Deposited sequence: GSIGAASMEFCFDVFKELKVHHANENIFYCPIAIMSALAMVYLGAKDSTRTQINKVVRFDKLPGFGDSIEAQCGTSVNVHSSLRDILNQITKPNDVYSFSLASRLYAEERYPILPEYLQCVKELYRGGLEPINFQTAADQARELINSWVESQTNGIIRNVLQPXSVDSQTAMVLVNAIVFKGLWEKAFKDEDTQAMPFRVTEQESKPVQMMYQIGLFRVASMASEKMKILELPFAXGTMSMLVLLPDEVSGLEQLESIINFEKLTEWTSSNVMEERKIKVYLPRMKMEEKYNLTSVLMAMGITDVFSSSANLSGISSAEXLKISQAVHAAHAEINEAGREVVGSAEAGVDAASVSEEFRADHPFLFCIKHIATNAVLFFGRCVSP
C-alpha cells in the first residue's frame, strides 16, 4: 500500500532467494532499482505476464500503479509516482551523495516497437528502451551494451554482460546497474582507521574505521543483536547495521528478519541516542546477479519465455526478455561532513564504555528516510 512496505517486502523476498545459491559470500543489491526496471517492463506486459510481475513485485496498491492511471503513460506526472518520485529525487545532483542508475531494455532492432510505448518510456524513464542488432552482430551488440553501462557508471561497472550471454537469437536484454557513494553526517577520521581482524567465521585483517559519537542504537537482548543507525549528510538517507552478538549468529538473524521485524526493531522507542564507540570496516561492495534465475524462482516466469506476452511493447511474435542482469556497487568509507575535535574525543576515549564493533558478519540496509523505502540491502562477510 506504500513504497516503504512494498520495497521492504520485495527486498526480503529477493534476499530469501539469494540465500539459496550465495551462502557464506557477500550479498549486495538495490531493491528500488530492480523494482523500477520491472515497472518499466510492466508497462507493456499483458495477461499472465503482467499478473505475475504485479504479484511478485507487489505494485498492486501502490500510488501511480493500476488500471486507469497507467493507461495514461506518456502524459501525467502521476504514473508510477511512488517509485519514480524516489528515483527522480535520488538521481539528481547534490552536495552530499551520488547515485548513478543505468537501467535499460535493449530490444532486437528487427522488432518493430509499438509507438505508444516509446512515448511512454520516454516520459517516465531515462535509460528506457534502445534498439540494437543481436541477429548478425551479437558480439558487437554486447560491446555496445557493456560500454554504455560502463560509461554511465563512471567506468565502475564493467563487462556487465558476459561473453556468450548474447547471440543471434537474443530478443531483448534488461541491464540495471547502480553506483552509490554518500557522505556521513559524522565523519570518521583517517588517523583513527586501523588494521583489525574481521572474524569471517579464523579471520583476516581489514581496515577498521573508528569514531566516538552520539548515535541511535537499538539493543535487542531477546534476539542477541544490536542495530546501529548512521545518518548520511543531508538527512534524507541512513545506514542500518544489524550486528549479531556472536560471530556465528548471522544465520539466525537472516531466518527471522522481515518488514515487520525491521520496523519494530527500529521504532523510535526502541532506538535511543547514546554516546558510543563505533567500529565499522571500510567496505567496497559490488555484486552482480542473473535476474532471470532470481525472479523466476520468485514467481516471474512468462516474461522470460516464448509464452511471454509483451504485446504492449511490440506486436511481433517472440519478444521476450532473453537476459536480465543486476549489478550494484557502493563504497563505504570515512568521508563525512563534521567531526569531533581531538579534545572532546580524548575525554571520551576512556569515559565511553559502550561500543558497537562490527568485526564479524553483519547485515546492513541503506534506507530513504521519508518513505522508509529500502535503497540497498546486503550481507557483509568480507569487507
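Deposited residues absent from the coordinates (by C-alpha): No coordinates exist for the deposited residues in 202 to 203, so this stretch alone is absent from the model.
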